[PDB]
Structure formats: C-alpha cells, structure tokens
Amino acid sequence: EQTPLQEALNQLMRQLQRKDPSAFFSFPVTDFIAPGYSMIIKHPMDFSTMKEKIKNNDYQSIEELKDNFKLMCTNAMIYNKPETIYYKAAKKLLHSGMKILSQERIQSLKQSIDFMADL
C-alpha cells in the first residue's frame, strides 16, 4: 500500500519526532496555547500535519518534507522569545533534524529508492 517514498518519509518522520521529547510539535499550535498565533504566523506547520500529508500522498519529494520541517522549527524560533522553553526546544529539534535530513542522506535515500526501483 505504501510507496517506497512514503515509507522513507514515515521513517524520517519517526526519527524527527524522537528529537521532540516534549511533544511541543505534535499538533497544530492553537490560539489558546499561543495567544495571537493565528494572527502572526503565516504558514503554520506541525508533525501531525506532516504525517497527514505523507499518508495523503501529498509529498512529492524528501526535500518538500525537509522544507516543511524547517518551516515548523523557524515559526517556533520567531514567535517565541529566545529565553523560552519553546524556542530552546525548536533550536534543538532543528539542529538534530538537519542531521537526519542532511543533504547527504536525503539524496542517498532517494537513489537507494531509485536503485531498488530499477532492480
């Protein structure tokens, strides 16, 4: 049922989520938990939305997911002041995530998918 691409996106997703032990990124940010968020942040992103995009075959490439991942962390490092727990969690998630999605493994994951496609 799952495409090799979807299986690889889901695998990366599980890896990234483990770098969010507080689960601050698990669900869309609500205005209750972050007053005014809907008024300020232009392109909200969270893991649950990323997961639904993979399940719904919306991702065309690993790089799209990576872009969504970076957006998600940057939104959090803008909306929140540096001294906050959310900023600190976002900085760590971003640094760890950029190793999980480093340019090296994303395109060597993709040519392995392509290699297997050609066997």
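A residue's number is simply how far along the shown sequence it sits, counting from 1. Each form is matched to the other, and the largest set of C-alpha atoms that superpose within 1.5 Å is called the rigid core.
Q: When the core is superposed, where do the C-alphas shift more in 7 other deposited structures of this protein: in 99-107 or in 17-25?
A: Farther from the shown form on average in 7 other deposited structures of this protein: 99-107.
Q: Between 72-80 and 28-36, which has the higher average C-alpha B-factor in the PDB entry?
A: The entry gives the higher C-alpha B-factor average to 28-36.
Q: Would you determine, from the values in the PDB entry, which of 37-45 and 59-67 has the greater average C-alpha temperature factor?
A: Taking the mean B-factor of the alpha carbons in each, 59-67 is higher.
Q: Compared with the other modelled residues in the chain, in which third is the CA B-factor of residue 11?
A: Tercile = middle for this residue's CA B-factor.
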